[PDB]
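J.: I'm passing along my_file_20.cif; it holds mmCIF, C-alpha atoms.
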data_run
#
loop_
_atom_site.label_atom_id
_atom_site.label_comp_id
_atom_site.auth_asym_id
_atom_site.auth_seq_id
_atom_site.Cartn_x
_atom_site.Cartn_y
_atom_site.Cartn_z
CA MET A 1 -15.94 6.76 -13.00
CA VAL A 2 -14.95 3.06 -12.58
CA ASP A 3 -15.96 0.18 -10.22
CA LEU A 4 -14.07 -2.61 -8.33
CA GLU A 5 -10.67 -1.40 -9.64
CA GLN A 6 -10.87 1.81 -7.53
CA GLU A 7 -11.21 -0.20 -4.27
CA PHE A 8 -7.97 -1.32 -2.68
CA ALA A 9 -7.30 -4.75 -4.07
CA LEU A 10 -5.20 -7.63 -2.79
CA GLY A 11 -2.24 -7.07 -5.04
CA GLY A 12 -3.72 -4.10 -6.84
CA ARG A 13 -1.44 -1.27 -7.64
CA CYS A 14 -2.02 1.87 -5.67
CA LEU A 15 -0.80 5.45 -5.32
CA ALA A 16 0.26 6.93 -1.99
CA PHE A 17 0.48 10.69 -1.59
CA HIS A 18 3.32 12.45 0.30
CA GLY A 19 2.55 16.12 -0.49
CA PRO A 20 5.20 17.47 -2.95
CA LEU A 21 4.21 14.46 -5.09
CA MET A 22 2.65 11.00 -4.84
CA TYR A 23 4.58 7.79 -5.43
CA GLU A 24 3.17 4.62 -6.90
CA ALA A 25 2.36 1.83 -4.48
CA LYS A 26 1.70 -1.96 -4.73
CA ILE A 27 -0.47 -3.43 -1.93
CA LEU A 28 0.63 -6.79 -0.44
CA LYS A 29 0.33 -7.11 3.35
CA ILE A 30 -3.03 -5.71 4.37
CA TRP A 31 -4.18 -4.70 7.80
CA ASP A 32 -7.51 -4.26 9.56
CA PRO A 33 -7.92 -2.74 13.08
CA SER A 34 -10.75 -5.25 13.87
CA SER A 35 -7.93 -7.55 15.10
CA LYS A 36 -4.98 -5.04 14.92
CA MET A 37 -3.00 -7.68 13.01
CA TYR A 38 -2.24 -8.15 9.29
CA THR A 39 -2.77 -10.64 6.40
CA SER A 40 -0.96 -11.36 3.08
CA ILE A 41 -0.85 -13.65 0.04
CA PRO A 42 2.19 -14.80 -2.12
CA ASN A 43 0.58 -13.58 -5.43
CA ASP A 44 3.85 -11.60 -5.76
CA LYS A 45 6.51 -10.32 -3.26
CA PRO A 46 7.41 -7.05 -1.46
CA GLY A 47 10.79 -6.60 -3.17
CA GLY A 48 12.79 -6.35 0.09
CA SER A 49 11.80 -10.05 0.59
CA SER A 50 11.46 -12.85 -2.00
CA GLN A 51 7.73 -13.66 -1.40
CA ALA A 52 4.76 -13.29 1.02
CA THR A 53 4.70 -16.99 1.92
CA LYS A 54 1.02 -18.16 1.93
CA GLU A 55 -2.42 -16.96 3.10
CA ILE A 56 -0.74 -15.41 6.15
CA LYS A 57 -2.73 -16.01 9.35
CA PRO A 58 -3.30 -12.74 11.20
CA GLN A 59 -0.56 -12.82 13.82
CA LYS A 60 1.11 -10.47 16.31
CA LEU A 61 3.47 -8.29 14.24
CA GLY A 62 6.80 -6.45 14.40
CA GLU A 63 9.13 -8.65 12.32
CA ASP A 64 10.25 -5.85 9.93
CA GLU A 65 7.37 -3.29 9.99
CA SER A 66 5.18 -1.17 12.31
CA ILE A 67 1.85 0.57 11.61
CA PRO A 68 1.80 3.90 13.59
CA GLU A 69 -1.52 4.73 15.36
CA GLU A 70 -1.91 7.50 12.71
CA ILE A 71 -2.86 4.92 10.01
CA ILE A 72 -3.94 1.94 12.18
CA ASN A 73 -7.52 3.14 12.64
CA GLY A 74 -8.26 2.18 9.03
CA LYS A 75 -7.24 -0.27 6.39
CA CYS A 76 -3.45 -0.25 6.02
CA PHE A 77 -1.39 -1.58 3.15
CA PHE A 78 2.25 -2.60 3.27
CA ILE A 79 3.14 -1.40 -0.21
CA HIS A 80 6.14 -1.47 -2.50
CA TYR A 81 6.79 2.19 -3.30
CA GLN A 82 7.81 1.94 -6.97
CA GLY A 83 10.50 4.20 -8.43
CA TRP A 84 12.24 3.87 -5.02
CA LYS A 85 14.49 1.51 -3.04
CA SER A 86 12.76 -1.64 -1.76
CA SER A 87 13.76 -0.30 1.71
CA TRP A 88 10.49 1.69 1.21
CA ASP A 89 8.44 -1.55 1.53
CA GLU A 90 6.27 0.25 4.13
CA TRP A 91 2.61 0.50 5.20
CA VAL A 92 0.35 3.47 4.62
CA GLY A 93 -3.29 4.06 5.52
CA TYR A 94 -6.09 5.29 3.27
CA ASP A 95 -5.15 8.71 4.71
CA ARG A 96 -2.43 8.65 1.99
CA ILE A 97 -3.24 5.76 -0.42
CA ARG A 98 -5.79 4.78 -3.08
CA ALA A 99 -5.81 1.82 -5.51
CA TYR A 100 -4.82 1.98 -9.20
CA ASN A 101 -7.37 3.86 -11.39
CA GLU A 102 -7.59 6.61 -14.05
CA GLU A 103 -8.61 9.30 -11.52
CA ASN A 104 -5.45 8.58 -9.47
CA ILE A 105 -3.49 8.55 -12.72
CA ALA A 106 -5.02 11.94 -13.53
CA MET A 107 -3.58 12.95 -10.13
CA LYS A 108 -0.28 11.13 -11.09
CA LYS A 109 0.11 12.84 -14.51
CA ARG A 110 -0.91 16.28 -13.14
CA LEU A 111 1.65 15.78 -10.33
CA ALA A 112 4.46 14.44 -12.54
CA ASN A 113 4.11 17.66 -14.63
CA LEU A 114 5.32 19.50 -11.44
CA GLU A 115 8.30 17.10 -10.85
#
Could you take the file, read its structure, and then write that structure out as structure tokens?
T.:
Amino acid sequence: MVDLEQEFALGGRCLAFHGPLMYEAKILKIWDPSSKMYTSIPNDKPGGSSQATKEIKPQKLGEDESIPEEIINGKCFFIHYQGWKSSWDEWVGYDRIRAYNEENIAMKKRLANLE
């Protein structure tokens, strides 16, 4: 068991499950249904864009992304799916993602054995 690192973190790594496998994630633009708008920081960059500008004010969205109602109802994270094209800079909900930790790496290494 661990603490703090297992929570989603602003610019933590993450893991987002598909079913056949999971693919590694990197949280950047984070979303909260309390306003149904998003937030970001330029600590790094998506990959499909050069940065994440500043402490992004929560603003009406739809510039290059959409959260479906499926994920909206919780914390969502626009993540860089690593090992894949930056075209996969996409949000997921907690329904599929968790932050970087050894338990999710135990899931990663068990899964990668099946690849």
J.: One decimal, Å: what's the distance from atom CA of residue 35 of chain A over to atom CA of residue 3 of chain A, could you say?
T.: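 Pair atom CA of residue 35 of chain A / atom CA of residue 3 of chain A returns 27.7 Å.
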J.: Which residue, A:86, A:55, A:60, A:6, has the smallest gap to residue 102 of chain A when you use all atoms listed in the file?
T.: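 Using all atoms listed in the file, residue 102 of chain A sits closest to A:6.
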J.: Taking all atoms listed in the file into account, name the residue in A:5, A:70, A:103, A:65 that is nearest to residue 88 of chain A.
T.: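 That would be A:65, the residue with the smallest distance to residue 88 of chain A.
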J.: Find the spatial neighbours of residue 12 of chain A, counting all atoms listed in the file, within a cut-off of 12 Å - ignore same-chain residues fewer than 3 positions away - and output them as a list in words.
T.: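 Returned residues: residues 4, 5, 6, 7, 8, 9, 15, 24, 25, 26, 27, 28, 29, 30, 43, 44, 77, 78, 79, 80, 97, 98, 99, 100 and 101 of chain A.
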J.: Fewer than 5 positions away in the same chain doesn't count, so skip those; otherwise give me all residues within 9 Å of residue 54 of chain A, counting all atoms listed in the file, as a ChimeraX atom specification.
T.: /A:40-43
J.: Selection from above, C-alpha atoms, as a PDB file, in the frame of the given file, can you write it?
T.:
ATOM      1  CA  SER A  40      -0.960 -11.360   3.080  1.00  0.00           C
ATOM      2  CA  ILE A  41      -0.850 -13.650   0.040  1.00  0.00           C
ATOM      3  CA  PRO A  42       2.190 -14.800  -2.120  1.00  0.00           C
ATOM      4  CA  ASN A  43       0.580 -13.580  -5.430  1.00  0.00           C
TER       5      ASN A  43
END
J.: Take atom CA of residue 2 of chain A and atom CA of residue 111 of chain A and report the distance between them in Å, one decimal.
T.: 21.0 Å
J.: Adding 8 Å on each side of the box along x, y and z that holds all listed atoms of segment 105-111 of chain A, could you give its centre and edge lengths in Å to one decimal, as JSON?
T.:
{"center_x": -1.7, "center_y": 12.4, "center_z": -12.3, "size_x": 22.7, "size_y": 23.7, "size_z": 20.4}
J.: Please, what distance in Å, to one decimal, runs between atom CA of residue 104 of chain A and atom CA of residue 87 of chain A?
T.: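 So the two atoms, atom CA of residue 104 of chain A and atom CA of residue 87 of chain A, lie 23.9 Å apart.
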J.: Please write as a ChimeraX atom specification the full residue list that the PyMOL selection byres ((chain A and resi 20) around 9) yields on this file.
T.: /A:17-19,21-22,111,114-115
J.: Pick the closest to residue 109 of chain A from A:23, A:31, A:38, A:94: which is it, counting all atoms listed in the file?
T.: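 Comparing A:23, A:31, A:38, A:94 against residue 109 of chain A, the winner is A:23.
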J.: Evaluate the PyMOL selection byres ((chain A and resi 37) around 10) on the structure here and hand back the selected residues as a list in words.
T.: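 Against this file, the PyMOL selection byres ((chain A and resi 37) around 10) returns the residues residues 30, 31, 32, 33, 34, 35, 36, 38, 39, 57, 58, 59, 60, 61, 62, 67 and 72 of chain A.
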J.: Check the smallest atom-to-atom distance from each of A:92, A:71, A:76, A:56 to residue 16 of chain A using only C-alpha atoms, then report the winner.
T.: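 Nearest candidate to residue 16 of chain A out of A:92, A:71, A:76, A:56: A:92.
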J.: Which is closest to residue 96 of chain A among A:11, A:74, A:83, A:112, if we use all atoms listed in the file?
T.: A:74
J.: Using only C-alpha atoms, pick whichever of A:75, A:45, A:1, A:108 has the shortest atom-to-atom distance to residue 93 of chain A.
T.: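 Looking only at the distances to residue 93 of chain A, the closest residue turns out to be A:75.
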